[PDB]
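> Compute the structure for the input listed below.
(chains A, B, C, D, E and F)
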Amino acid sequence: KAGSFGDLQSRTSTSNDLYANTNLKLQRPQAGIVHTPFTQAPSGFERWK
Amino acid sequence: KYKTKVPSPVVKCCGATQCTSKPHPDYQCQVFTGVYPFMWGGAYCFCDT
Amino acid sequence: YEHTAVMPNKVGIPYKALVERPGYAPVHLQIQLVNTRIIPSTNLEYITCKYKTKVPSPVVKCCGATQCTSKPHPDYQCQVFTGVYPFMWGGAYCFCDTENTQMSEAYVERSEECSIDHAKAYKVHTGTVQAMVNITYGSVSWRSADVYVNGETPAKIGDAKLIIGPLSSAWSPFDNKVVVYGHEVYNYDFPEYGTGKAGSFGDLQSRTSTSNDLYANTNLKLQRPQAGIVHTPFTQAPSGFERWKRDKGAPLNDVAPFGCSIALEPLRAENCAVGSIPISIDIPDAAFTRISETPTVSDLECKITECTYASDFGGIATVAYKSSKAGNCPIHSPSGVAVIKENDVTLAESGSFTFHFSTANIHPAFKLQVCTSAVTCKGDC
Amino acid sequence: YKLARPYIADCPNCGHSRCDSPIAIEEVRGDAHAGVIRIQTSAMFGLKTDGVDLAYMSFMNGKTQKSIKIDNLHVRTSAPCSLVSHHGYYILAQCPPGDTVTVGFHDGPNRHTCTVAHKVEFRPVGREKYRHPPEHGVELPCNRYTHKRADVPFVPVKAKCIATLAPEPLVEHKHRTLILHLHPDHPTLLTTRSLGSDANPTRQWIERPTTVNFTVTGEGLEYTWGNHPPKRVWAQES
Amino acid sequence: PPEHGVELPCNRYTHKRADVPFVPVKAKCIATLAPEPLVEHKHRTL
Amino acid sequence: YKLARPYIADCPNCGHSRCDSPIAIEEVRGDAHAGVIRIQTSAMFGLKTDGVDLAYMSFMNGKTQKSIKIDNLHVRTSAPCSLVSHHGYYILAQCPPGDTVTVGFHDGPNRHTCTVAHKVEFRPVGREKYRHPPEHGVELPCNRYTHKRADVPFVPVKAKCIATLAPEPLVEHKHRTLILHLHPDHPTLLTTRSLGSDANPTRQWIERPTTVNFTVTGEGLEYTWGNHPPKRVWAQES
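Numbers count the residues shown, from 1 in each chain, chains lettered A, B, ... in the order given. Structure data below:
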């Protein structure tokens, strides 16, 4: 779910069939710094908490 | 909680970059052209356009 | 032949109308008011920016005193301060921690860094309103003509003599006194030039980016230190601009009841959407259809196949006809609850021509015209 | 030019029993509509024998004096701040408020730190604050400073500013209604009004996924989300 | 206490060595001032 | 054991425009109800010139590869923070927030400092905070990393740390009534429920001295106050 519970999914603490839908939205690069610019929706577990 | 993993961005200096999809959980890419002016934030490429 | 049609102020929807005269084919006429710019006359009252406090250095007498001597600066303030150093508070301080007296002088100037970083106090008087009106007459859609929304100057242009009768595409969201931040303009009132205080915009004034017309009322209050001394400390009221920043209005760019994109360096209102715009178009007769399809067009039916509720150009419809010979006769929308995407309609005897239309209503009722015959199309959006 | 020297200036609280101290920042300029600061410090940062350097400073006092390479002397707000260029008497750095700078040296006879926080208030010409224009989101014209070395002061430069916006501005069209399902990653100012006769002048800052419905004329609507100049949709299903 | 604003009563200590001991006393402590308070007089109403 | 090396790595915030720093915190673990942090730096801690200490590190800052005493290298969030143990690539320290770590050099020439705002957090697994030891209540599990080497990573292991149990839990039983006289110092979650065939399901967050009365039918009730697993009274005034 996008920005809600189970936006990261697994079936154990460590990696195990990692399926996500964290709603990653890349942002357009602009002048001031160079990195990899993106925003993303809040973690679904944290959102759930 | 997720940990965001950022693979180092594929930058093509003086040509276009075409995204190569990867099967990572919520892998999203976007290709942005004419990214940086250089020397006012950085570009690190001869070309800017 | 002048033909007056009314285009809804929907930037991006061309309003199709027919220039109709019986015994003459209708003319493709599309009027789009593409943009309207309300450009008002701006009388600069003052430039205002962050002040820079100038302390020349206070005259300190260790075990003596000095009385204030006035000096001409915009908010020159002095105070004579005794003590300087509290008793038993220093390690190579002045012996006198009482007798020692400093004449504390300071003043404000404009900052050196107000070079481009300044806000602007503007009195605003009545403007002119320009409208960029893209007009198609026949198949010549390649002319677009500025015409004033205001009555000041009707377009005497060769493209088509255009009058845009005044409407809500003309106005001025710019009050008598307007603050310009430098990208976002806010209606905010303040005392007229030579006056400004904390509780309104401006209280440091200039009239150019740096210097010129230096008037201050920054409420400079000299103070004394608790330890050390190289330059006297002070409290002050913030600049009226700085105060204004802590007491912002709402930027006109993001709010404006007419749906106009207020844009700034000169304050102006770009791209209104309010109301519907009378456009009087003097049609150039060389693009006028006038039995230029010699067919009489007969046996028409209009069926609207699909439409999606009040959409950009979500209307899909089909025209049946018989024409003496195939041609193009222009379709239109004398309605405003539907506008046609196409202003041209393919005369054929097939019984189907699929044409596209646009709506702003959940029912598409427009009158479609071929060269001699008129029909109405209806469906469901 | 690069004729600046190290000297003392009055500080509100600095080390020793007198605050006629080293490393004391006389004036600060926040005369930008970015987030950048031109600093005027009595003690000189940014110069060794090289001329314009990035990593040496000098200071003097009478009680707690010496010069050092910048190392034991850390600039802070409470976190690092990076200088870019020095033009003698003027220092230029990217630091978040651009009015509050705390410089202190943790070596020498005492441990002196001066803080300057005296006003020269500013915010961007938009409605979101930056510490320096980021990559993310829309650009806005603004004032800032010169950041290239060329030595006198780093005078204001009309040059781009950038405001971050949030990830997904999911607009949902209906008949005469636009609900904006918004999904903040960071506090975004959403200002709206409908375009046309109807208008919805509603400023609100939002954080965390929410919906906000507005009426629409049928002639469009504007929503700016995360500090923009109008992002607007016109007559359609708006 | 900064160095800008009105001095008002406070507790404090002596700030230079007497070599007598540092013990509580009252001294003066700076506290922030504010801009001009614009008063407007009217009849039976201020 | 230690299979680590001191080296530069990119940190987006440094004391100068020189950002060729080491001490760049690759990873942090802070998933505990403690205050301690396992830090993974690009610089090697637990190796100085002479090798293994508990209070020296080594680094290359692209201008000097040397080791220093944790004195010249101070961790801070603003105030100093003292390391406890070193395990090669990993540091283990006490630095209370443990999600904001700024490692910086008061060494020799140039001031490289990395600051990290890592994604790990300290959190309760309960319904009310105990994420960091308070003085209130009595202990609940936490994670405190090993203070001796035990694989390059310091292993996370369970340990005991202070936990919130709500201040002043004065219970008063009465006829058919359970008043809970509360006098917190801080936001405490009061949850109650009956344990019998009576109901009373009441969640509330409370602050300040308050009372909260519950029905009793002679069939018990549980009240947990300020994060507890069930505390229960039965078959009377409960």
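> Now the element after the helix or strand that contains residue D:179, going C-ward?
Element membership of residue D:179 [criterion: DSSP states H and E] is strand D:177-183. As assigned by DSSP H and E, the chain's next helix or strand after strand D:177-183 is strand D:188-194.
> okay, which residue is most central for chain A?
For chain A, the residue sitting closest to the mean C-alpha position, by CA atoms, centre = their mean, is residue A:22 at 3.6 Å.
> What sits closest to residue 7 if chain neighbours are left out?
Picking chain A for this. residue A:44 (3.1 Å; CB to CB, 6 or more residues apart in numbering or on different chains). Any C-beta I mention is one placed from the backbone N, CA and C, and that applies to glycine too.
> Let me rephrase: I mean chain D.
Spatial nearest neighbour of residue D:7, excluding adjacent residues (CB to CB, 6+ apart): residue D:42 at 4.7 Å.
> what's the neighbour count on the closest residue to residue D:130 other than its chain neighbours?
The shortest distance from residue D:130 to any non-neighbouring residue, by CB to CB, 6+ apart, is to residue D:35 (4.1 Å). By other CB atoms under 10 Å in any protein chain shown, the residues close to residue D:35 number 25.
> wait, residue D:35 sits on residue D:128?
No - assessed by CB atoms under 8 Å, residue D:35 is found out of contact with residue D:128, at 10.0 Å.
> ends of stretch D:66-76, how far apart?
With CA to CA, to the nearest Å as the measure, stretch D:66-76 spans 20 Å from end to end.
> how much space between the spatially most central residue of chain D and residue F:89?
Centroid check for chain D by CA atoms, centre = their mean gives residue D:35 as the closest residue, at 1.8 Å. Residue D:35 sits 35 Å away from residue F:89, taking CB to CB, to the nearest Å as the criterion.
> helix/strand/coil for the residue located most distally from the centre of chain D?
Largest separation from the mean C-alpha position in chain D: residue D:175, at 42.1 Å (CA atoms, centre = their mean). Under DSSP: H, G, I helix; E, B strand; the rest coil, residue D:175 falls in the coil class.
> again, but for residue A:46
Going by three-state DSSP: residue A:46 is helix.
> Tell me who's in contact with the nearest residue to it once chain neighbours are set aside.
Leaving aside its sequence neighbours, residue A:46 sits nearest to residue B:1 (CB to CB, 6+ apart; 6.2 Å). For residue B:1, the contact set (CB atoms under 8 Å, 6 or more residues apart in numbering or on different chains) comprises A:8, A:43, A:45-46, F:119-121.
> try residue D:214
By CB under 8 Å, 6+ apart, the residues touching residue D:214 are D:177-180, D:192, D:194, D:200, D:202, D:221, D:223.
> and the gap between it and chain B?
In this view, residue D:214 and chain B are 29 Å apart by CB to the nearest CB, to the nearest Å.
> Pretty sure that residue sits in a strand.
Yes - Residue D:214 sits within a strand when classified using three-state DSSP.
> one step back: let me know whether the residue farthest from the centre of chain D touches residue D:217 as I believe.
No - contact criterion CB under 8 Å: residue D:175 and residue D:217 do not qualify, at 11.9 Å.
> ok, and the most crowded of the contacts of residue B:1?
Within the contacts of residue B:1, neighbour counts (other CB under 10 Å) peak at residue A:43, which reaches 21 neighbours.
> Can you read off the backbone torsions of that residue?
Main-chain torsions, residue A:43, degrees, to the nearest 10: phi -60, psi 130.
> thinking it is in contact with residue B:2, fair?
Yes - Residue A:43 is within contact range of residue B:2, at 5.3 Å (criterion: CB under 8 Å).
> what residues do the two have in common as contacts?
Joint contacts of residue A:43 and residue B:2 (CB under 8 Å, 6+ apart) are A:7-8, A:22.
> now, which of those residues lie within strands?
Using DSSP state E, residue A:8 are the members of the shared contacts of residue A:43 and residue B:2 that sit in strands.
> which residues of chain A fall in strands?
Under DSSP E, chain A gives strands at A:8-9, A:19-20, A:25-26, A:38-39.
> Is any residue of the first one near chain D?
Which is strand A:8-9. No - residues of strand A:8-9 contacting chain D under CB under 8 Å from any CB of the partner chain: none, with a closest distance of 15.5 Å.
> tell me what that strand is packed against?
strand A:19-20 (3 or more CB pairs under 8 Å, 6 or more residues apart in numbering or on different chains; DSSP states H and E).
> so how far is the strand it packs on off the chain centroid?
With CA atoms, centre = their mean, to the nearest Å as the basis, strand A:19-20 stands 9 Å off its chain's centre.
> List the contacts of that strand.
A:7-9, B:2, B:25-26.
> Of the residues you listed, keep whichever come out buried.
For these, a burial check counting by 16 or more other CB atoms under 10 Å in any protein chain shown picks out A:7-9, B:2, B:25-26.
> okay, those residues in a markdown table with distance to residue D:96 next?
Rendered in a markdown table, the data for the buried ones among the contacts of strand A:19-20 read as follows (distance: CB to CB, whole Å):
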| residue | distance to residue D:96 |
| --- | --- |
| A:7 | 30 |
| A:8 | 31 |
| A:9 | 37 |
| B:2 | 27 |
| B:25 | 33 |
| B:26 | 31 |
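> List the contacts of residue A:18.
Applying CB under 8 Å, 6+ apart, we find residue A:18 in contact with A:8-10, B:25.
> quick check, nearest of those residues to chain D?
For those, the minimum distance to chain D (CB to the nearest CB) is 15.5 Å, reached by residue A:8.
> Dig out what the closest one forms beta bridges with.
Note on residue A:8: beta-bridge partners by DSSP bridges are residue A:20.
> burial count for the residue in chain D that chain E sits nearest to?
For chain D and chain E, the shortest gap (CB to the nearest CB) falls at residue D:12, measuring 4.4 Å. Other residues near residue D:12 come to 21 when the count uses other CB under 10 Å.
> got it, and residue A:49?
When neighbours are counted by other CB under 10 Å, residue A:49 registers 10.
> For it, which non-adjacent residue is closest in space?
residue F:123 (8.0 Å).
> related to what we said a few turns ago, how much space separates the residue nearest to residue D:7 from residue C:226?
In terms of CB to CB, residue D:42 sits 19 Å off from residue C:226.
> Then residue D:212?
Counting by CB to CB - residue D:212 and residue C:226 are separated by 51 Å.
> Can you confirm whether stretch D:97-113 lies near chain C?
No - remark: stretch D:97-113 sits outside contact range of chain C, by CB under 8 Å from any CB, the gap being at least 10.0 Å.
> Can I get that stretch in CSV? Just the C-alpha atoms.
Presented in CSV, the C-alpha positions along stretch D:97-113 are these (Å, rounded to 0.1, in the frame of the first residue of the first chain):
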residue,chain,number,x,y,z
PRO,D,97,19.1,30.8,9.4
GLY,D,98,21.8,33.0,7.9
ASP,D,99,21.6,35.3,10.9
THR,D,100,22.8,33.0,13.6
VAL,D,101,26.5,31.9,13.5
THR,D,102,28.4,30.5,16.5
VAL,D,103,32.1,30.3,16.1
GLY,D,104,34.4,28.9,18.8
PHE,D,105,37.9,27.6,19.3
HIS,D,106,38.6,24.7,21.7
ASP,D,107,42.3,25.3,22.1
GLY,D,108,44.5,28.1,23.6
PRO,D,109,44.3,30.0,26.9
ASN,D,110,40.5,29.7,27.3
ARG,D,111,37.8,28.2,25.2
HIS,D,112,36.1,31.1,23.5
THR,D,113,33.0,31.0,21.5
